[PDB]
């Protein structure tokens, strides 16, 4: 599974799938760290968690009103913190095993993982500044 990550600096489209642990996606044209935001599936979820950077898993659905608001916020978060967070979007309509696994009840639900373990949970709309603060906090590496 692969997704296009667009470089903020030179505009290059970068098709990126699995990322070796210890590394973060970078632009193949100019070298800059990419905004690491992409779709995740039941099939890919365990691999999506195998990174060092904080992993922000966004359970969303087409019919969910607040998801239309939260999408752009997560997009800005990944752009502002390129390579310091991995945003994994999980369409619950299409990925029922992972939604059930984490006992998702409200849409949107945002879960934050660190080294494979759930470390935070945010139901409903969350301000981007609070998200940024929790991500930099986790980047202290704790």
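Residue numbers count along the first chain shown, from 1.
Just going by the entry, 91 to 99 versus 53 to 61 on mean CA temperature factor gives the higher value to 91 to 99.
The mean Cα B-factor in the deposited entry runs higher for 122 to 130 than for the other of 122 to 130 and 11 to 19. As recorded in the entry, 115 carries the highest CA temperature factor of 115, 76, 39, 48. Sorting the modelled residues of the chain by their CA temperature factor places residue 66 in the highest third. Ranked within its chain, residue 43 lands in the highest third, by CA B factor from the PDB record. Placement of the Cα temperature factor of residue 140 within the chain: middle third of the modelled residues, per the deposited record.
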